[PDB]
Every structure is written in structure tokens, then in C-alpha cells.
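# Residue-level structure breakdown
In case you want the letters, here they are:
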Amino acid sequence: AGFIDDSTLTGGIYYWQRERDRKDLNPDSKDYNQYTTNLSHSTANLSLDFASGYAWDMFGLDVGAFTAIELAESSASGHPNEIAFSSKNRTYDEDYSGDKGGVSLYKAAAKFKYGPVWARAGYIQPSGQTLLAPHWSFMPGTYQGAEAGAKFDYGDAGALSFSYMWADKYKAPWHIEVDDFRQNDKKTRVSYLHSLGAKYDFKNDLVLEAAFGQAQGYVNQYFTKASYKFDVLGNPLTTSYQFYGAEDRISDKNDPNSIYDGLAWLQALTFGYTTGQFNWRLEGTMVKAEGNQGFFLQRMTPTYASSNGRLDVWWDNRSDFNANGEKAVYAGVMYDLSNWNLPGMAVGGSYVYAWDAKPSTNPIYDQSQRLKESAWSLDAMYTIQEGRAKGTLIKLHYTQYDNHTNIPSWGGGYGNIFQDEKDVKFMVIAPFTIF
Ligand SMILES: CC(=O)N[C@@H]1[C@@H](O)[C@H](O[C@@H]2O[C@H](CO)[C@@H](O[C@@H]3O[C@H](CO)[C@@H](O[C@@H]4O[C@H](CO)[C@@H](O[C@@H]5O[C@H](CO)[C@@H](O[C@@H]6O[C@H](CO)[C@@H](O)[C@H](O)[C@H]6NC(C)=O)[C@H](O)[C@H]5NC(C)=O)[C@H](O)[C@H]4NC(C)=O)[C@H](O)[C@H]3NC(C)=O)[C@H](O)[C@H]2NC(C)=O)[C@@H](CO)O[C@H]1O
Ligand SMILES: [Ca+2]
């Protein structure tokens, strides 16, 4: 009990190797219809995290920094690769010019706790029930701001948790320095992001979550979720409905800052089931995103890396499958190899089928277009059981993504869709505790 007596000092070694090739569909290019190198780099990260206890069981603080080391990169590797640091230090300075190593302070937070109340402030990550979230590479992004919340415990009738967060700057993992928020024009200032959100846990495997947020004078964001786990033939079958919504506050549709027409939303239905050694997943999404952007974003600032928002649907099949009008169905399976006498090992695969994808409603693009995209992935995983490298995770991920058009990447009004892609990712994560 105390500031120093409960201190933790953990860290992690991270290694990341990647090769990603993409088809060039520009007709008068020299690589026409061939795969070209897009990302190719070896990168390592090192993190160190101090987390004090609580003095008077009320006040404490956390500090944390990480380094990034570039081990190898090709001339044709695009930038930024999001593991190393971008050569430009802030969000809205990004040139897509290069990468580099260095060191970043990603955690510097005073934390408070008394009775049913808690709070954090400084350089933080969202930790409560809001729809704000950080970008995650190996390390998370960081907001400059504060978060506070409390819990209403009703005993066995459940427990309501609510939380509010506010921030005026943000920094993605691949940036060393925080920057302000701005609109789609990357000029008009956004004073703050803030969000209120809550969760009710019935303590019978039914959970209701909801949150709304705001980018000052610009965007309004919404989130709801309902998840329930019950038995079918005596096995845990997990379920969840999800809703994500967004609006803008720009009257003029032709303004470069207007990104949505009316309410843009992403709705999702998930199913999970575990029979013996097989973990099955079956999930599907539907999107509506009328307006100039043409695709739904969970983050409230539309510029790349400016901020991030909560989104519980991740299929790790490269494409975000979030185009206006797009439907997508996902099916995966991981197979535990413990009954082959390989504990800690797992192999699995994924398949995504998407259809009915329409472009931005900006009239300069053909509104008659209908795009279909699919993908499949293979995953191998291993968590070391032996002593020395106990807990070190090894993951190999391969994905083959198919765009069923000849539209060049980012064109035709599909501002967030790219052409066919091969991707292989090799990860190693080794955590360690000093004290
Ligand atoms: C503890 C720990 O270490 N890990 C835990 C981990 O298990 C989990 O965390 C998860 O980790 C993984 C990585 O490890 C995260 O993976 C990331 O996933 C996101 C999607 O959510 C990926 O984001 C996309 O990234 C690509 C870049 O590669 C973006 O592509 C760009 O998009 C824009 C369009 O929006 C393009 O702009 C266009 O640019 C062209 C230029 O030619 C121009 O013509 C146009 O004008 C312009 N259009 C505009 C401006 O509108 C841009 O060019 C393009 N560029 C490229 C090269 O593609 C894409 O937009 C991103 N999508 C979204 C959405 O952000 C991200 O790439 C991926 N990272 C990696 C390394 O693969 C994962 O997100 C993370 N989170 C989760 C929830 O899983 C969990 C476990 O609990 O947490 C940790 O604990
Ligand atoms: Ca194709």
C-alpha cells in the first residue's frame, strides 16, 4: 500500500517485419496490372512503463516512453509504415516523405481514485466508456487531456459505469509530437474533442454500452452496443449488435469540409462460438455514408492520424469495408493445437465477402458504380510456454485482398478503397517486468 510500495515497472520488446505488394491499375503506367512493392520494412520497438501505486490511496502517476529502431527498408517502401516514426513530427505536417527512429513520451498521467470515482489527466489513453480511442500499432497513440468517471453499483441488479473525456491535442504512435485538431481542409481549427459514454453490466452476460461525442463545432459521433452470451447445445455462443453514427455541422455540401450528408452509420452483428478446439466467428456489416467522403469513419476528425474512435469490428483483412452502401460478411476460425500436443499454438483463417459498395455522392463520380471486394487471410500464432521467453507471442499473418474492379486505388469516388493486395506480417512481442 502506497506510492512506491505498489509501483510497477514493465516494458516490452517488439519486432515487426512486413512485405505488402499492391496492383497498379493506372492504364498508362509501366507496371500495369502487376503487383508492385508498397511496404517492405523491418522495425523494432522498445517500451518502458512506470506506474506508481496511490498515495493516501488517492493520488498516483504513470509515465511511459518507447523507442523505434529501423532495421531494414526498401527504396519502394511507402511512408509512413506506422511502426517506425514519420519523418514529420505532427499530424498536419505529414508529407508521406519518409520514416525514422527515435523516442516518444506516450504516457504521462496523474491518476486519481477515491470511492467509486476515478480520473486521469496529462498524456493519456481513453480507458472508460467513451467513443474516443487511440491508434494502436505496437504502442498506442496519446491524447493531451483528462478523463473522469464513476460507477453506480446496484449489487446483483447490475452496475452502471459512465465516463467523460476531453482532449485538445493528439499524437499517433508514429508521431513524436502532439498536434491540434482540424477539419477536412486541414486548416480550420477544432478546439477540442470530448465524449460521454456509459456501460450497464447486468452480471448475467448481458452488457449494454452507449456513448456520444463531439468535435468542437464540426462533427457529432454516436455509438451503441448490446452483447449477450448464452448457450446453444451447451457451449458459449457470444453475440453482439453494434451501431456507429456520425454527422457533420456544415450546411454547404460543396464546402471542402462537408463530409457527410445526413446521418452516416455503420451497423454490425457478430456471432462467436467455441466447440472443442475450434473458435468460430461470423460477423457482418452494413454502411450508409452519403456525402463527399463516401465512407464511414469511426474517428471524429477525418484527417489521417488526427485522432481515433472506438470500433469493436476488426477483421484484419486489410480493407476496412466501410464504403457507402457496402454490405460485408465475415467468417473466420482459429484452431487450437493443444490436442496436437502443441500448447500455446493456434492456426486459423478468414474470409470476407463485400458487395453493393457505392462511391461518394459528390456528382463528379459515376453514381451508377457498384463495387464488390473480397479477401482471405491465414494466421499462425504461438505463445511461448517455456521459462526464459515465457509469454512471448509470435504471430504470422498473411492476407490476399481482391478488388473486383479496374478502378485505380483511391479513385472512382471510392476514396478509401485500394486495388488488389498481398500482405504478410511477422510479429514478435516479448514483455518484461523489472519490478
Ligand atoms: C498491445 C498491442 O501491441 N497490440 C494489440 C492488438 O492486438 C490490437 O490492436 C490492433 O493492432 C493492429 C496493428 O498491430 C492495428 O491495425 C491497424 O488497423 C487499422 C484499421 O483499423 C489500419 O488503418 C488503415 O491504415 C491504412 C494505412 O496502411 C490507411 O490507408 C490510407 O487511407 C487514406 C484514405 O482514408 C489514403 O488517403 C488517400 O491517399 C492517397 C495518396 O495516394 C490520395 O490519393 C487521396 O487523396 C487520399 N484520400 C483521402 C485523403 O481521403 C491513404 O493514401 C492510404 N494509404 C495507404 C498506404 O493505404 C487506412 O485509411 C487506415 N484505416 C483506418 C480506418 O484508419 C492500420 O493500417 C493497421 N495497422 C497495421 C500496422 O496494419 C489495429 O487497428 C489495432 N486495433 C484494434 C482495435 O485491433 C488490440 C488488442 O486489444 O490492441 C492492442 O492491445
Ligand atoms: Ca482484382
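Along every chain, residue numbers run from 1 in sequence order, not necessarily as the entry numbers them; residues that have no coordinates are omitted. Chain letters and ligand numbers both follow the written order, the letters beginning at A and the numbers at 1. Only hydrogens and water are set aside when side-chain values are computed; all heavy atoms of the structure are taken into account.

Per the deposition metadata, X-ray crystallography was the technique used to determine this entry, at a resolution of 2.7000 Å.

### Side note on the overall build of the protein
Note on conventions: DSSP H or I runs of at least 4 residues are helices, E runs of at least 2 residues are strands, and numbering of each starts at the N terminus. In terms of helices and strands, the protein carries zero helices and 24 strands. In this setup the radius of gyration rests on C-alpha atoms only. A globule is expected at 2.2 Å times the number of residues raised to 0.38. Over its C-alpha trace the protein gives a radius of gyration of 22 Å, about what one expects of a compact globule, namely 22 Å for 435 residues. If one aligns the C-alpha atoms of the protein with their principal axes, the spans along those axes are about 70 × 60 × 50 Å. Looking at the 435 residues of the protein, the share that counts as buried comes to 46%. By definition, residues are in contact when any of their heavy atoms lie within 4.5 Å. Considering only contacts within the protein whose residues lie at least 6 apart along the sequence, 62% involve residues at least 24 apart. For each residue, the accessible area found with a 1.4 Å probe, counting protein chains only, is set against the maximum for its type, and the residue is called buried under 20%, exposed over 50%, and partly exposed in between.

### Overview of the side chain of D420
Position of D420 among the secondary structure elements: in the loop between β23 (393–403) and β24 (421–433). With relative accessibility at 5%, the residue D420 sits in the buried group. What qualifies as a polar contact is a pair of N or O atoms within 3.5 Å, subject to a donor-acceptor requirement within protein and to the restriction that residues adjacent in sequence count only when both atoms come from side chains. Side chain to side chain, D420 and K23 meet in a polar contact 2.7 Å long. A distance of 2.4 Å separates the side chain of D420 from the backbone nitrogen of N403, its partner in a polar contact. Sequence-distant contacts of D420, that is, excluding residues within four places in its chain, are made with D21, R22, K23, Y35, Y401, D402 and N403.

### Considering the nonpolar core
The criterion is simple. A nonpolar core is a set of buried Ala, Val, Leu, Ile, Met, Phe, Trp, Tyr and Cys residues joined through side-chain atoms within 4.5 Å. Ranked by size, the top nonpolar core spans 49 residues in total, and within it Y143, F296 and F321 carry the most contacts. At the level of secondary structure, the elements contributing two or more residues to this core comprise β10 (159–171), β14 (206–215), β15 (219–231), β16 (236–248), β17 (264–275), β20 (327–336), β21 (345–357) and β22 (371–383). For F321, the residues in contact, after removing those within four places along its chain, are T285, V287, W315, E326, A328, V352, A354, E373, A375 and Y401. With 10 residues, the next largest nonpolar core counts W16, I83, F85 and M427 among its residues.

### Some words on the site of ligand 1
By convention in this text, a residue qualifies as near a molecule or strand provided that one of its non-hydrogen atoms is within 4 Å of it. Around ligand 1, 14 residues are found, and the nearest of them are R18, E82, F138, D320 and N416. Separating an oxygen atom of ligand 1 from a side-chain N or O atom of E82 is a distance of 3.2 Å. Taking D320, its side chain carries an N or O atom lying 3.1 Å from a nitrogen atom of ligand 1. Summarising the interface, the protein chains cover 58% of the accessible area of ligand 1, which totals 1500 Å² for the free molecule. Each residue receives one of three labels: charged for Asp, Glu, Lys and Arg, nonpolar for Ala, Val, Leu, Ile, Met, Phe, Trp, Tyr, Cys and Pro, and polar for the others, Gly being one of them. Of the residues contributing to the shell around ligand 1, the split by class is five nonpolar, three polar and six charged. Residue burial considers only the protein chains on display, and all accessible areas are found by Shrake-Rupley using a 1.4 Å probe.

### Quick word on the coordination of the calcium ion (ligand 2)
Those donors, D402 (OD), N403 (O), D420 (OD) and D420 (OD), are the protein atoms that reach the calcium ion (ligand 2), and they lie 2.3 to 2.7 Å from it. Counted as donors are N, O and S atoms no farther than 2.8 Å from the metal, or 3.2 Å for Na, K and Ca; water is not among the atoms, and sites may therefore look incomplete. Along the chain, the residues donating to the calcium ion (ligand 2) are arranged with the sequence spacing D-N-x16-D. On the criterion of sequence distance, the pair formed by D402 in strand β23 and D420 in the loop between β23 and β24 is long-range, its members being 18 residues apart. On the basis of relative accessibility, which here comes to 29%, the residue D402 falls in the partly exposed class.

### Here's the deal with a nonpolar patch on the surface
Patch definition: residues with relative accessible area over 30% and no salt bridge; like charges joined within 9 Å; nonpolar side chains (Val, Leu, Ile, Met, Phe, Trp, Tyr) joined within 5 Å. Any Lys or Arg side-chain nitrogen found within 4 Å of a carboxyl oxygen on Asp or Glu counts as a salt bridge. A contiguous nonpolar surface patch, about 720 Å² in accessible area, is contributed by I13, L46, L48, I69, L71, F432, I434 and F435. Topologically, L48 is positioned in strand β2 (residues 35–51). Residue classification places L48 among the partly exposed positions, given a relative accessible area of 41%.

### Some thoughts on the environment of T301
Looking at the element boundaries, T301 is found in the loop between β18 (278–288) and β19 (308–309). The exposure class of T301 is buried, given its relative accessible area of 0%. Residues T301 and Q183 lie 118 residues apart in sequence; the distance between their C-alpha atoms is 6.4 Å. Apart from residues no more than four positions distant in its own chain, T301 is found in contact with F181, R182, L193, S306 and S307. Here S307 takes part through its side chain, which lies 2.7 Å from a polar atom of the side chain of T301.

### Examining the pairing of strand β3 (residues 59–73)
Any two strands are treated as partners once DSSP identifies two or more bridges connecting them. When β2 meets β3, the two strands line up antiparallel, connected through 11 bridges. Directly across from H41, in β3, lies its bridge partner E73. Of the pairings in the sheet, the one linking β3 to strand β6 (residues 102–114) comprises 10 bridges and is antiparallel in character. Note on β6: the bridge partner recorded for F66 is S104.

### Here's the deal with the pairing of β23
Sheet topology places β22 next to β23; 11 bridges connect them, and they run antiparallel. Bridge pairing in β23 places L378 opposite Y398. Across nine bridges, β23 lies against β24 in antiparallel orientation. Across the sheet, residue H397 finds its bridge partner in β24, namely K425.

### With respect to the pattern of salt bridges
Across all of its chains, the model carries 19 salt bridges by this definition. Of the charged contacts in the structure, one is a salt bridge between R182 and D180, with a shortest N-O distance of 3.1 Å. Judged by relative accessible area, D180 falls into the buried class, the value being 18%. A salt bridge links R318 to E421; the shortest N-O distance between them is 2.3 Å. You can see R318 sitting in the loop between β19 and β20 and its partner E421 sitting in strand β24, a full 103 residues away along the chain. One connected set of salt bridges, linked through shared partners, spans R20, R22, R318 and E421.

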